[PDB]
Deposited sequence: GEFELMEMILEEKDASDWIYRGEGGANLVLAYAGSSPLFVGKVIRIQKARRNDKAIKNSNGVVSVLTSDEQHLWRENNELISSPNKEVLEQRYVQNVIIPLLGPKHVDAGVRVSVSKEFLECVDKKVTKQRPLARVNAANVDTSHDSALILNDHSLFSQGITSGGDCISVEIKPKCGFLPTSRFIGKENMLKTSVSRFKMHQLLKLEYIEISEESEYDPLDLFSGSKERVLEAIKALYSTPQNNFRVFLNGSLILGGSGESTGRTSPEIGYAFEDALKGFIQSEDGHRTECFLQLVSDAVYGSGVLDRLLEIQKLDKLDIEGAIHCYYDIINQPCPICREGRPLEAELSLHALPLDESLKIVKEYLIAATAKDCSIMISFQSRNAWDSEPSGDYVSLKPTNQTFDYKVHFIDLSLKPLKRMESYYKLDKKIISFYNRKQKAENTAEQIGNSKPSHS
């Protein structure tokens, strides 16, 4: 006993957003069971080689993956992808990031006709830019219900509007030189994000290089955190978005998003009215300081950075462990004269190779996730605040919550794509110098 979302329930859900794997819809009906929740629904994807097995079947886990993730029997026994992703979050990620900032959600049964109805709705409600993107996978029979982290609470409080900020921080550290070739040494001093911006700029996938440096955001320095926030505001690309009661008021158009112009900046400043009690023109600066204080105060990025640091070898190192795992002769090692560093990796007992690659894929989850920080203004006539920021410049107090979203299990075969991409980025960056 609980429930199934049917064709008749589709009308209660409205498009919120999407990424490469999922569609997200917000609840818009009346039931107290669902107010302030979102539903996450998996897209259909062929064209993705990493999720296929040797027979071209999209299996929950490949035999190689089952072997890699063997430590959690629960995980490898997942009968479908919805269960797999839920158990990965619950059993692998939550022990690392804690339950306070991670919602694994609740699985709900869905009918085929509910999903076909949603397919049609997202086609109508999508931005034009996304109309040909992959739609819902109507062969799945579960979906995931999660709290809406664009909201602090299910309903509006009298204090003000709920403003929520979403950050895709990317990788906050630089690899050591230990498994990196002499020709690729800039990797130890220039961030992956910065190097990638150069390639995106050459491929005209962005109108200009972002001002954002993840090394600032993860620096441990309040000034540098503020710098990162100001930068994200200026050039949001797909790294920064802001919601007013679950509605986009900054960013959200993919990495193609325009850099904040006077017009965009002006509308945003007015969108903050009431939320920040400051005169016209001054709220933006207060808002950026608030986000900065919440980010720094929460310490949430320190813990994420430690999981990102589970990438101990860099992909240039870990790819060798990958080949050992899948029991193939290593083509990296054929490319030229192998480092002693690399040979020692192949010398590793198979248990250590397994552990290294697993930890690399967990780190990839941490490098690719997002954080949603939701804020609720307090009335001066409320009692004392959980976590909060006090803005002296407006003498306002804001409760806040931080949640990690988009914490997905990365397919083992993606190690190959990760290697190729890294190779291309460093090759490109090197010749641009």
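Unmodelled regions (deposited sequence positions with no C-alpha coordinates, counted from 1) are 1 to 5, 391, 440 to 456.
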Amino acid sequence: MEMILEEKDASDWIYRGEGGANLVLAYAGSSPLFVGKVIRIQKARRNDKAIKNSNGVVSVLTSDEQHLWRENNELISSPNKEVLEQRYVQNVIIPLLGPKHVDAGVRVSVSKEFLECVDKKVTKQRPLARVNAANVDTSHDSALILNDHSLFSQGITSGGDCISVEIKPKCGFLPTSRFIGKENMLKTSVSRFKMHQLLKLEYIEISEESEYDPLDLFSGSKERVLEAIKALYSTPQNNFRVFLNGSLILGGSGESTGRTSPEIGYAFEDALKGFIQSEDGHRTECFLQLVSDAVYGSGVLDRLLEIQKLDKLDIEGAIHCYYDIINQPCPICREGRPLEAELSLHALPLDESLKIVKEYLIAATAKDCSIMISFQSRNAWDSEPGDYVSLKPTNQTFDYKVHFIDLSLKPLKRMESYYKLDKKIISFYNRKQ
From here on, numbers count along this sequence of modelled residues.
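Across the two stretches, 61 to 69 and 46 to 54, the PDB entry reports the greater mean Cα temperature factor for 46 to 54. Per-stretch averaging of Cα B factors for 132 to 140 and 340 to 348 places 340 to 348 on top. Of all the options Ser298, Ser189, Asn245, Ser207, the entry's greatest CA B-factor is assigned to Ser207. Across the residues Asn91, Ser164, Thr176, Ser153, the deposited record lists the maximum Cα B factor for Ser153. In the PDB entry, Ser221 places in the middle third of its chain by CA B-factor. Among the modelled residues of its chain, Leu305 has a C-alpha B-factor that falls in the lowest third, as given in the PDB entry.
When the modelled residues of the chain are ordered by C-alpha B-factor, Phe404 sits in the lowest third. Split the chain's modelled residues into thirds by C-alpha temperature factor. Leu354 is in the highest one. When the modelled residues of the chain are ordered by their C-alpha B factor, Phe287 lands in the lowest third.
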